[PDB]
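Shown below, as structure tokens, is a lone chain in the form deposited in one PDB entry; questions about how it binds or moves come after it.
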């Protein structure tokens, strides 16, 4: 597994990231306390996941750049850009956990739930985002791809926030509206909210770093990676309810939060009129008893087995897309990522 291999070097580079970001202090002691707080935010929220989005940048870069051009500086840049993707993710998750009223993340209390943090985490989240652009300037500003990366991170963040807006608008609190939860709407949500930044962004970053900037090259890659991202989000939705929290490191809130999840969309396609009412009376509410009722309806409709069939069909579909669209990139760039996300239970 090419990810297990790169992973140690990647995670080891984290101190260097933290050191370089916490040395904006040297010229300005007056910001010392803010920098200390940034370090605490980095250590709590950027560490402890699987590093798969960041690691994808490094794996792809080694696979796309001739080994002779992989000098120490080039590699450092690669690990820094991977860390920029991790930082984006940390930004997103800190904010999303507030928005979704989540309890835990990566095996611990959500940052905003800590006594003394609360909605100060909005600022913390946005500091994480800032760090991306400081790292890109500090490590890449003289490279011919610098602007390309900046634009890519900014565009990916815009798209992601557009997705997040569709997510919140499709899920109004205190209102039951099942009629909105369609397959078509679901696919749009997840494409925007998850698939651009989790799949297109890291591979595209590595492409640009390898000098692969062609519009066609990027569009072909994107066809593969947006579909892989739809599957990843569907798996995330399944794991919200049916995943084991000691594996996933987080507690599910989709049913309470009235979310357009793949599960509710699937349920709706299959429910009888009686069951539609059951869903209607119980969905989108805080009461544990009502959440359990929704889960029992999902289990009655064999939605786990529906998920397992879908995962198998999606995996084939994605592999067909790799066959169509990988060239002239090595298929391994996509295959290692597919392997990483399929059968994933965390």
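Positions refer to the first chain, counted from 1. Only residues modelled in both forms are compared. Between two forms, the rigid core is the largest collection of C-alphas that superpose within 1.5 Å.
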On average, which has the higher Cα B-factor in the deposited entry, 158-166 or 175-183? 175-183
Which has higher Cα B-factors on average according to the PDB entry: 231-239 or 94-102? 231-239
From 269, 256, 194, 188, can you pick the one with the highest C-alpha B factor in the entry? 269
Which of 120, 274, 86, 129 ranks first by CA B-factor in the deposited coordinates: 274
Lowest, middle or highest third: where is residue 201 by Cα B-factor in its chain? lowest
Taking the values exactly as deposited, rank residue 150 by C-alpha B-factor within its chain and report the matching third: lowest, middle or highest. lowest
Report the third (lowest, middle or highest) to which the CA temperature factor of residue 295 belongs, ranking only the modelled residues of the same chain. middle
Among all modelled residues of this chain, ranked by Cα B factor, put residue 278 in the bottom, middle or top third, i.e. lowest, middle or highest. highest
Tell me, lowest, middle or highest third: where does the Cα B factor of residue 305 rank within its chain? highest
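This next part talks about the form deposited with a small molecule bound, which is not shown.
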Within a 4.5 Å heavy atom cut-off, is residue 282 in contact with the small molecule in the bound PDB entry? no
Quick check on residue 50: any heavy atom within 4.5 Å of the small molecule in the bound PDB entry? yes
Considering only heavy atoms, tell me if residue 239 and the small molecule come within 4.5 Å of each other in the bound PDB entry. yes
Classify residue 74 as contacting or not contacting the small molecule in the bound PDB entry by the rule of any non-hydrogen atom within 4.5 angstroms, answering yes or no. no
Considering the small molecule in the bound PDB entry, which of 153, 232, 79, 181 comes within 4.5 Å of it through any heavy atom? 232
Out of the stretches listed (143-151, 130-138, 263-271, 192-200), which one is close to the small molecule in the bound PDB entry, meaning heavy atoms within 4.5 Å? 192-200
Where does the protein shift between this form and the one not shown, taking runs of 3+ residues with every CA moved 2 Å or more once the core is matched? 235-259, 270-272, 281-313
